[PDB]
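One chain comes next, on its own, written as structure tokens: the form deposited in one PDB entry.
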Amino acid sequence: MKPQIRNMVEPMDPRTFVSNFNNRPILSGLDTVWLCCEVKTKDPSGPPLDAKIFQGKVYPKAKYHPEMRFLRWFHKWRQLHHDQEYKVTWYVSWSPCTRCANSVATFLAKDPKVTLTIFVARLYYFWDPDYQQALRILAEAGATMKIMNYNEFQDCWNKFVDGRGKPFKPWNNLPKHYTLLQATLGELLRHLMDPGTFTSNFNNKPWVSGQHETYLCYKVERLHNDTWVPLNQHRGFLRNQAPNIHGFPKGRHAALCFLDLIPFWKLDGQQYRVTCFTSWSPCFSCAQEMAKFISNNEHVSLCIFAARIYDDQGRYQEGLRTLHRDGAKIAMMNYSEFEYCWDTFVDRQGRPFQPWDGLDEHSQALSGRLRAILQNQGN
């Protein structure tokens, strides 16, 4: 063999990084794509082998796109290095196009020893059908598609930016932008839920659970002459964001993330039915925000199916009554809803829905509780 010295990264200046890796989902003015690649081996506890920055205008003629430049460089690198399994990581500012995605899928087919992971700052044309198809080509060829969070921005700053020892300072709204982008990516990749996660979290057993977490599957329908027709695109599932110093410092409940996601869809003036299936009914704060949302969204009909009633140390009845008295339709999941969620949102791998013990009894009991809560008048 012949030895190749590392090639210490020629870094980008801080202002270019701050401008080009701002993860505001809708951001105009960026004409260049920046890609920061790093090649390691199977072992993550061994120092990286090589890191290189590529850039390029987003102009058609994908020949000069940074993904193609990386492909050329890394073919050379592979011919010059030991033949073993390698793990490439990308920090790319925009999501790739169809042409580059097909080239990458082809290369991964040719070189099955390379595992590629892509962290994107922003999703590029996530509403355009063909860029969604590009993301699917990539995910299908093996690559792991992810959104850059605070940790990946910090690491990119450390490894690829001319910070001069100064620490990475995050911008305003980095967690909210990350939440929106992660949800949209889950939609575009049609990400399905872990079977065990589903059974553990959606079990309508009254309280017997672990530490409280809320899972929310969502789907959209549109009105067409007194019958609802599905919208296959805006469907998926999310969970509550736990408190995080560099995320949401006090957390974000599932319902709040969901109400954040709805306006990002940029729906029409037509009537939409947004249905969700939550393992816990909304808390009081969630209920207040959903009431305000319904109060201010004429064309949106909220259907809430809870698997359990969350008792928020007292406020649950009042919150449920406000939510019922302000617009939302609220039901408790019976068998049919659990089976539909298992079929639609769960990575069932072909296995049918196994009903946990006592499902129908628990569903009827929860229905009775909800009926008593709603019909308990005040004055």
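From 1 onward, residues are counted along the sequence shown.
For residue 195, the record comparison shows coordinates present in all the other entries of this protein that model its neighbours, with no third of them leaving it out.
Among other compared entries that model residues flanking residue 93, every one gives it coordinates, keeping it clear of the one-third cutoff. The mean Cα B-factor in the deposited entry runs higher for 204-212 than for the other of 108-116 and 204-212. On average the C-alpha atoms of 164-172 have higher B-factors than those of the other stretch, with 164-172 and 276-284 being the two compared. You'll see in the entry that, of 347, 38, 339, 67, the Cα B factor peaks at 347. Highest C-alpha temperature factor among 224, 136, 252, 122, as the PDB entry reports it: 224. Annotation for residue 52: C-alpha temperature factor in the lowest third relative to the rest of the modelled chain, per the entry. Residue 328: CA B factor lies in the middle third for its chain, per the PDB record. Among all modelled residues in its chain, residue 146 ranks in the lowest third by Cα B-factor. Sort the chain's modelled residues by C-alpha temperature factor and residue 256 lands in the middle third, per the entry. Among all modelled residues in this chain, the alpha-carbon of residue 362 has a temperature factor (C-alpha) in the middle third.
The same protein has a further form, the form deposited in another entry, not shown here; the description that follows concerns it.
Of the two rigid parts that account for the motion between this form and the one not shown, one contains residue 148 and the other residue 230. Compared with the form shown here, the C-alpha atoms of residue 151 and residue 215 sit at least 3 Å farther apart in the other entry. One change in the other entry concerns residue 173 and residue 268, whose Cα atoms lie at least 3 Å farther apart than in this form.
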